[PDB]
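To begin, one chain is listed below as structure tokens, in the form deposited in one PDB entry.
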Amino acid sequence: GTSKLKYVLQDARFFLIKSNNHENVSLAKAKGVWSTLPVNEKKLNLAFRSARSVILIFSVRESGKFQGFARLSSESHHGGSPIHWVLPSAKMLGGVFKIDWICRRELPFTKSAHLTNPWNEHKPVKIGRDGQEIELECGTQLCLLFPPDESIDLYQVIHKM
């Protein structure tokens, strides 16, 4: 069902995450981690303390799709391990967030064309820089568009809130 998903998304904050390549999203799905530039790291750390759930919605640049969404389980932390990100530096992409995936399935941008983001001038929600916040109602509807991921049990996610 979608009931536990809706519960997780209640009063959540949502952020668009743009990855330059598929490799880093694969690594994030395997290890439950994300790292971003310092400007966005600061925003996500503030958001993490401010909301019951902070949701990252991932899109690989030029893919025409979102690749899934995940909930922050922690603020960023340094000195944990050397995530072998594919970079275009390691110091900049420093500070690692732990994340729990809610959906690892893709959603093509063609399916979200009816959703606009008030916090980005009501442009289609697919449009935004890395770290762009997505208003609650837009973000909720976007997450509900993804195919259900029946490999994920939201029970343990709920327990962390």
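Residue numbers run from 1 along the displayed sequence. Residues that one form lacks are left out of the comparison. Rigid core: the largest C-alpha set superposing within 1.5 Å between the two forms.
Missing here is the form deposited in another entry; even so, the following discussion is about that form.
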Which one of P108, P38, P124, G32, by Cα shift of 2 Å or more between the shown form and the other one, core superposed: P38
Relative Cα spacing, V39 and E121, in the other entry - shift of 3 Å or more: farther
How does the CA gap of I99 and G79 change in the other entry versus this form, closer or farther, if it moves 3 angstroms or more? closer
With the rigid core held as the fitting reference, name the runs of three or more adjacent residues whose C-alpha atoms all move by 2 angstroms or more between the shown form and the other one. 37-40, 78-81, 91-94
